[PDB]
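To start, the structure itself, in structure tokens.
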Amino acid sequence: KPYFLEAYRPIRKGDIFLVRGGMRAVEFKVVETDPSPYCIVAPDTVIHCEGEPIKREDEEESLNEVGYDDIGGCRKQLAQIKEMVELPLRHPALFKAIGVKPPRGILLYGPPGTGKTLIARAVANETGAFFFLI
Amino acid sequence: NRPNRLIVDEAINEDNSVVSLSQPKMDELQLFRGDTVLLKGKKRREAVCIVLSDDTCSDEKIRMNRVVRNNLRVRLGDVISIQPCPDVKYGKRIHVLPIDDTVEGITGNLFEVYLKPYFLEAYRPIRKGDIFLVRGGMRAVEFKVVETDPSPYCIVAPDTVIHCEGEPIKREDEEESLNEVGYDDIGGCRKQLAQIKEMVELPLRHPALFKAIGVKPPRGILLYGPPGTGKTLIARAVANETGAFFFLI
Ligand SMILES: Nc1ncnc2c1ncn2[C@@H]1O[C@H](COP(=O)(O)OP(=O)(O)O)[C@@H](O)[C@H]1O
């Protein structure tokens with residue numbers, strides 16, 4: 001409470017920081033969103049701390065976001081994938097403007113325990129593209 | 001027997017609004033290569049184009065490309081008339097417009113780069129309703145001459161102006177797009193493509209003929225070969241080159 005004072009949280013959901021009334025090391029994360037865009041809070045409002053503090057689902061997400069800096073021994077195989085998927089995902093407008101064929105199927109074959117799903121998560125996060133696991 | 005009409009056939013020259021004809025039948029119709037000539041087409045249309053004299057084509061068949069065969073709404077196996085046009089006119093401002101969704105995903109005054117070289121020196125004899133097409137930068141797009149300041153058919157001259165504006169308009173249901181496939185879209189299958197054409201050109205362009213004689217036509221064909229050779233492509237091209245309905249499974 002002693003921090004949303006005359007600086008009523010100009011924020012953007014995803015801004016994480018430190019705020020406490022004590023040992024001065026605790027996070028403040030996004031849980032809810034009544035307004036889709038970020039706003040500036042005001043008193044007289046209503047808040048529900050019914051929510052419970054959680055594990056580092058967010059930190060695991062951050063580790064996945066680290067991506068390329070979390071693996072080793074596949075320098076070549078990680079460069080080939082980058083040049084193959086970055087362009088379609090990052091700038092789809094360029095591919096829309098022209099008639100060219102991107103890829104829609106990639107197959108990775110290798111012995112078990114070689115960090116394959118990890119590579120997929122590392123590539124999806126570094127480019128911001130949504131990732132679904134089956 | 002009235003050598004004024006003539007049969008259709010494909011074209012080896014790809015340039016738009018251009019044809020090629022037998023060499024001896026230049027006095028019969030009595031006109032020359034440069035002599036621009038108008039050609040009739042069903043649904044009450046006629047399109048003008050340049051002439052040329054060759055030999056490989058028979059003395060009974062014209063050569064032309066898919067664009068005019070589309071605006072003329074006619075396929076192979078058909079026949080139309082013809083007439084010289086020494087009364088042709090120098091086309092003044094004849095407005096055009098990018099007529100497709102192909103306009104999608106693009107920017108710039110593409111009119112200039114795509115047109116100015118295409119029309120330059122071509123002396124393109126153009127008439128209203130033309131659906132000519134030009135290709136550049138990984139893309140292929142067309143335009144329609146909507147306006148003919150002198151009507152209906154005229155020549156292109158470099159002085160002629162182009163106020164190039166307008167909003168992509170909606171192609172009607174009559175015409176069909178350049179995207180749809182054809183024999184010109186395939187290569188390396190001339191032998192079997194010719195076999196298929198000679199096999200199944202009669203039952204679709206001449207069914208009443210089959211009902212007029214007692215003969216058993218084929219009712220099943222099998223094509224065998226490795227994948228990625230263009231078999232479904234061949235089937236769709238044959239369907240599009242005869243107007244027959246196509247169904248896929
Ligand atoms: N002979 C050919 N001429 C033109 N394009 C071809 C040819 N063979 C293959 N292609 C191209 O590759 C693809 C051929 O694959 P496809 O038609 O599916 O063959 P199949 O059905 O036997 O797998 C087509 O999309 C076409 O663009």
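Every chain in the structure tokens takes a letter, A first, then B, and so on in the order presented; its residues are numbered from 1, and the ligands are numbered from 1 following the presented order.
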Using only C-alpha atoms, which chain B residues lie at most 9 Å away from chain A, written as a ChimeraX atom specification?
/B:104-107,137-139
Can you write just those residues out, N, CA, C and O atoms, as an mmCIF file, in the first residue's frame?
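Final output, saved to part_0.cif:
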data_model
loop_
_atom_site.group_PDB
_atom_site.id
_atom_site.type_symbol
_atom_site.label_atom_id
_atom_site.label_comp_id
_atom_site.auth_asym_id
_atom_site.auth_seq_id
_atom_site.Cartn_x
_atom_site.Cartn_y
_atom_site.Cartn_z
ATOM 1 N N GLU B 104 -3.836 -6.981 -53.785
ATOM 2 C CA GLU B 104 -3.578 -7.145 -52.365
ATOM 3 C C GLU B 104 -2.082 -7.228 -52.095
ATOM 4 O O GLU B 104 -1.293 -7.643 -52.947
ATOM 5 N N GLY B 105 -1.699 -6.815 -50.891
ATOM 6 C CA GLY B 105 -0.332 -6.944 -50.434
ATOM 7 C C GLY B 105 0.670 -6.296 -51.360
ATOM 8 O O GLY B 105 1.600 -6.954 -51.834
ATOM 9 N N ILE B 106 0.491 -5.004 -51.637
ATOM 10 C CA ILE B 106 1.386 -4.280 -52.526
ATOM 11 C C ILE B 106 1.271 -2.789 -52.254
ATOM 12 O O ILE B 106 0.307 -2.317 -51.647
ATOM 13 N N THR B 107 2.272 -2.045 -52.716
ATOM 14 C CA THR B 107 2.294 -0.601 -52.555
ATOM 15 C C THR B 107 3.130 0.013 -53.669
ATOM 16 O O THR B 107 3.924 -0.665 -54.326
ATOM 17 N N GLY B 137 8.793 -8.439 -60.324
ATOM 18 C CA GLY B 137 9.061 -8.563 -58.905
ATOM 19 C C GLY B 137 8.322 -9.702 -58.241
ATOM 20 O O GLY B 137 7.491 -9.483 -57.355
ATOM 21 N N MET B 138 8.606 -10.929 -58.669
ATOM 22 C CA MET B 138 8.029 -12.130 -58.073
ATOM 23 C C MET B 138 6.515 -12.171 -58.183
ATOM 24 O O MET B 138 5.875 -13.026 -57.565
ATOM 25 N N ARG B 139 5.911 -11.273 -58.954
ATOM 26 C CA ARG B 139 4.461 -11.189 -58.976
ATOM 27 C C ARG B 139 3.979 -11.017 -60.405
ATOM 28 O O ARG B 139 4.740 -10.654 -61.300
#
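With only C-alpha atoms and all ligand atoms as the atoms that count, the set of residues no farther than 8 Å from ligand 1 is residues 185, 186, 187, 188, 189, 225, 226, 227, 228, 229, 230, 231, 232, 233 and 234 of chain B.
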I need the residues from that last selection saved to file as a PDB file, in the first residue's frame (with C-alpha atoms), if you can.
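That gives us selection_10.pdb:
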ATOM      1  CA  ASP B 185       1.864 -24.224 -67.310  1.00  0.00           C
ATOM      2  CA  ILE B 186       3.329 -27.736 -67.736  1.00  0.00           C
ATOM      3  CA  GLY B 187       6.564 -29.035 -69.205  1.00  0.00           C
ATOM      4  CA  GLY B 188       8.254 -32.365 -69.754  1.00  0.00           C
ATOM      5  CA  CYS B 189       4.974 -34.227 -70.378  1.00  0.00           C
ATOM      6  CA  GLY B 225       4.464 -42.289 -61.553  1.00  0.00           C
ATOM      7  CA  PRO B 226       6.524 -40.993 -58.625  1.00  0.00           C
ATOM      8  CA  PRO B 227       5.124 -38.156 -56.494  1.00  0.00           C
ATOM      9  CA  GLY B 228       5.750 -34.524 -57.311  1.00  0.00           C
ATOM     10  CA  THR B 229       5.316 -34.965 -61.068  1.00  0.00           C
ATOM     11  CA  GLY B 230       2.162 -32.906 -61.659  1.00  0.00           C
ATOM     12  CA  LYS B 231      -0.689 -35.379 -62.123  1.00  0.00           C
ATOM     13  CA  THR B 232      -3.428 -33.459 -60.313  1.00  0.00           C
ATOM     14  CA  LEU B 233      -2.023 -30.424 -62.121  1.00  0.00           C
ATOM     15  CA  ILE B 234      -2.528 -32.195 -65.457  1.00  0.00           C
TER      16      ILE B 234
END
Of the residues A:68, A:109, A:132, A:3, which is the one nearest to residue 28 of chain A, using only C-alpha atoms?
A:3
Applying 12 Å and only C-alpha atoms, which residues near residue 1 of chain A remain after dropping the ones on its own chain fewer than 6 positions away? List them as a PyMOL selection string.
chain A and resi 7-9+19-21+43+47
Using DSSP on the backbone coordinates, identify all residues within segment 19-78 of chain A classified as alpha helix (DSSP H); present the result as a ChimeraX atom specification.
/A:57-66,75-78
Pull N, CA and C atoms from the residues just selected and write them as a compact mmCIF listing (two decimals), in the first residue's frame.
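Saved result, result24.txt, follows:
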# COMPACT_ATOMS: atom_id res chain seq x y z
N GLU A 57 6.39 -20.13 -12.44
CA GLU A 57 5.93 -20.51 -13.76
C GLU A 57 6.51 -19.41 -14.63
N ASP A 58 6.41 -18.18 -14.15
CA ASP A 58 6.95 -17.05 -14.89
C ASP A 58 8.47 -17.15 -15.07
N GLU A 59 9.19 -17.58 -14.04
CA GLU A 59 10.64 -17.75 -14.20
C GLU A 59 11.00 -18.84 -15.19
N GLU A 60 10.24 -19.92 -15.24
CA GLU A 60 10.47 -20.98 -16.21
C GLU A 60 10.23 -20.41 -17.59
N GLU A 61 9.21 -19.57 -17.70
CA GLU A 61 8.92 -18.95 -18.98
C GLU A 61 10.12 -18.10 -19.36
N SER A 62 10.70 -17.38 -18.40
CA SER A 62 11.88 -16.55 -18.65
C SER A 62 13.09 -17.37 -19.06
N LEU A 63 13.27 -18.54 -18.46
CA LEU A 63 14.37 -19.42 -18.84
C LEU A 63 14.17 -19.88 -20.27
N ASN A 64 12.93 -20.19 -20.63
CA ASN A 64 12.66 -20.58 -22.01
C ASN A 64 12.97 -19.40 -22.92
N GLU A 65 12.64 -18.19 -22.47
CA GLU A 65 12.91 -16.98 -23.24
C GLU A 65 14.39 -16.79 -23.43
N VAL A 66 15.21 -17.15 -22.45
CA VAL A 66 16.67 -17.10 -22.61
C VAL A 66 17.03 -17.94 -23.83
N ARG A 75 25.47 -26.04 -32.44
CA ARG A 75 25.63 -24.71 -33.00
C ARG A 75 25.13 -24.66 -34.44
N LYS A 76 25.49 -25.65 -35.25
CA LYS A 76 25.04 -25.67 -36.64
C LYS A 76 23.53 -25.87 -36.73
N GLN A 77 23.01 -26.88 -36.04
CA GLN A 77 21.59 -27.20 -36.15
C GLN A 77 20.70 -26.08 -35.65
N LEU A 78 21.19 -25.23 -34.75
CA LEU A 78 20.42 -24.09 -34.29
C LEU A 78 20.50 -22.90 -35.24
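Distances from B:63, B:5, B:191, B:40 to residue 22 of chain B were compared using only C-alpha atoms, and the smallest one belongs to B:63.
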So that I can see what lies close to residue 78 of chain B, please list as a PyMOL selection string the residues with an atom at most 10 Å from it, counting only C-alpha atoms and leaving out residues fewer than 2 positions away in the same chain.
chain B and resi 6-9+41+74-76+80+205
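Counting only C-alpha atoms and comparing A:55, A:83, A:101, A:41, the residue that lies closest to residue 4 of chain A is A:41.
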